[PDB]
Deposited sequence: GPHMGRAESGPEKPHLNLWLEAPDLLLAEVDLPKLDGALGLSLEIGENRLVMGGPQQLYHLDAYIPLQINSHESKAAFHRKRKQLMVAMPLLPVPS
């Protein structure tokens, strides 16, 4: 047995806005859930679920936000993108 890898949704809502949707049905409540975002990485960590993903985009970690939707059992992440090289 062990923690399961959830289902992840990624898309570009805008050229500089990346949105995520993690499905956590067995989970309820944002307490006991940690989220870590790097420049090209997404870490979601109680040990019921765990998700270590690599994103092929430059993420603004400081201005990123997240929220756990209780009705739909989903973790929603909002990752603004860093300015691209000229």
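No C-alpha positions are given for the deposited-sequence stretches 1 to 8, 54 to 55.
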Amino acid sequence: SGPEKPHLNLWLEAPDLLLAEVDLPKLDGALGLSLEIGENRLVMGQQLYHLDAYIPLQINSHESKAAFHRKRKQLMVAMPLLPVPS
From here on, numbers count along this sequence of modelled residues.
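Between 13 to 21 and 69 to 77, the higher mean Cα B-factor belongs to 69 to 77. Sort the chain's modelled residues by C-alpha temperature factor and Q46 lands in the highest third, per the entry. Sort the modelled residues of the chain by CA B factor and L35 lands in the middle third.
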